[PDB]
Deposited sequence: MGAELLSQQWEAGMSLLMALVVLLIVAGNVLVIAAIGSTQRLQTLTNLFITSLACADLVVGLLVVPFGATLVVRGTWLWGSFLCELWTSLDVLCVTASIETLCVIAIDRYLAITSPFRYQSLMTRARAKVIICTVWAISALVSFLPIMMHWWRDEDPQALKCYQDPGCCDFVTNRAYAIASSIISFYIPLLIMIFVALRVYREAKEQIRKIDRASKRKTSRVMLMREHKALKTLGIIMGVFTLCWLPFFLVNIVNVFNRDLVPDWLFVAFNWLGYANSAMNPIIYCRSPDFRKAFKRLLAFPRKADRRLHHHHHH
């Protein structure tokens, strides 16, 4: 009865979760194998795309599976330490993603306003240093505050969760909710939007078939940026609203918005099918 409902729901939800995991992983392996085996896809810009695929891969392999076992079994099975590690990895991947999108926007702005300065300034070795720098900064603002417990609240319902090994709710104090949201998300979001609008203005101020092909590619990048925003902004708006008033937004919708964020990790591989070169490498690799 209660037990039959539980069996039906657990089995259906395990299946949906396996699908999501599979889509995230297969799609981002494909992006990475495509770029890694197609000389024509090995541009500097695509080094940043690979990094973005690595963040989404880590969400497919680690973040979503743990989150799935929690949603399905209705308890955390893995101990306190893995709860904190899982949370740190979650925060890391969102931070690395939006910082990397920001870099991509800046790379394109430079290329479109100073193609020659771009040429002498930007090399493989420098792109790699930029990628490492993004992951370094992202790890810094993710792991250390979570591992030093700067996020913990003193409310008794929070302390209840922190003491129960089967609770892995990321219940935070307000200061951390604000500061961490601004540092990991809002600041790079704003930078990315400001730069992406400038790139649009510059594109509008611009042989003909080659200019077309570039503009198709710029719009692809513009779409991954806009869809990332659409997928995560609702979550981070509710995160701030909750600080000021917990009743304005029902909890089920806050949770749904987190899952929409996770869903973003399956979207870029599909969006890259707008490109002939990606489409051809995908077809070939699936052989």
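request  = Spell out the unmodelled ranges of the deposited sequence for me, N- to C-terminal, numbering from the first residue.
outcome  = Counting from residue 1, the stretches without coordinates are 1, 208-219, 301-315.
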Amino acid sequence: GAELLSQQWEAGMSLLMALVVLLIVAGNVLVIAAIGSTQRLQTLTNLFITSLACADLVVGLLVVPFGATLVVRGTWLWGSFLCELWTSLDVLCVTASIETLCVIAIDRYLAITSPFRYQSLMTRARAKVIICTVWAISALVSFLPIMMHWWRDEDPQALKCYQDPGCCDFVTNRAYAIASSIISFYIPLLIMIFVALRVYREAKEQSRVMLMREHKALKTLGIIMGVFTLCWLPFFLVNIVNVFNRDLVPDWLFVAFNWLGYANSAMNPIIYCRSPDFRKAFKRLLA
From here on, numbers count along this sequence of modelled residues.
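task = Check the entry's C-alpha temperature factors for 88-96 and 144-152, then say which stretch has the higher mean.
result = It is 144-152 that shows the higher mean C-alpha B-factor.
task = Give the stretch, out of 156-164 and 186-194, with the larger mean C-alpha temperature factor in the deposited entry.
result = Mean CA B-factor is higher for 156-164.
key: Per the PDB entry, maximal CA B factor within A105, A203, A136, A175   = That would be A203, according to the entry.
message = Based on the deposited C-alpha B factors for this chain, I'd like to know if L248 is in the lowest, middle or highest third.
response = Highest third, going by the recorded CA B-factors of the chain.
ask   = In terms of the CA temperature factor given in the entry, to which third of its chain does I32 belong: lowest, middle or highest?
value = For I32, whose C-alpha B-factor we compare with every modelled residue in the chain, the answer is the middle third.
message = How does the C-alpha B factor of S180 compare with the rest of the chain: lowest, middle or highest third?
response = It falls in the bottom third of the chain.
query = Thinking about Cα B factors across the chain, which third does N268 belong to?
reply = As the PDB entry reports it, the C-alpha B-factor of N268 lands in the middle third of its chain.
task = Name the third of the chain's ranked CA B-factors that contains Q39, choosing lowest, middle or highest.
result = Highest third of the chain for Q39's C-alpha B-factor.
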